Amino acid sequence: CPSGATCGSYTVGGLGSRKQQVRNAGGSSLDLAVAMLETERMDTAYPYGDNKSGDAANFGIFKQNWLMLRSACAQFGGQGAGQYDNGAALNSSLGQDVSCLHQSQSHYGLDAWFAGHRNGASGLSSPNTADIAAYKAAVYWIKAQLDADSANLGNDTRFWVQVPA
């Protein structure tokens, strides 16, 4: 486990089939790690926008925020913060979700992407915080578990890390 955190793994029914769908939609192991951290079932069943509005609203299985989406992704080009409900298109289309993730990561580079993903504009402007570093470490710990045994790319196991610890 990273730092002083608890971590572990448990079984989620149907998750292996879902992992395969994410991969077939273009998700890499890093993308799977992010998805695995963000929701239990790699879905969009969390509250709409993750109970946030505007630039802070989250959409899709990676919980991408509207600032990131409208700043980097062609389908949201030129849109303002108040148009955030348009990001809900990612809740219905896994292919668009992955496409947007890749556009955003390429636009910012991965290091900046982690910062903006975690903390929005504040994160992009101050990307080297301890909290952002903890988030990144959690994702890469999950990825290490996926990398260490390829069965984890298609089985029902969810790896988890308590990011606040």
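A residue's number is simply how far along the shown sequence it sits, counting from 1.
Q: If you average the Cα B factors in the entry, which is higher, 31-39 or 131-139?
A: According to the PDB entry, the answer is 131-139.
Q: Comparing 103-111 with 60-68, which stretch shows the greater average C-alpha B-factor in the deposited entry?
A: On average, C-alpha B-factors are higher across 103-111.
Q: Lowest, middle or highest third: where is residue 26 by Cα B-factor in its chain?
A: Highest third of the chain for residue 26's C-alpha B-factor.
Q: Among all modelled residues of this chain, ranked by Cα B factor, put residue 45 in the bottom, middle or top third, i.e. lowest, middle or highest.
A: According to the entry, residue 45 has a C-alpha B-factor in the chain's highest third.
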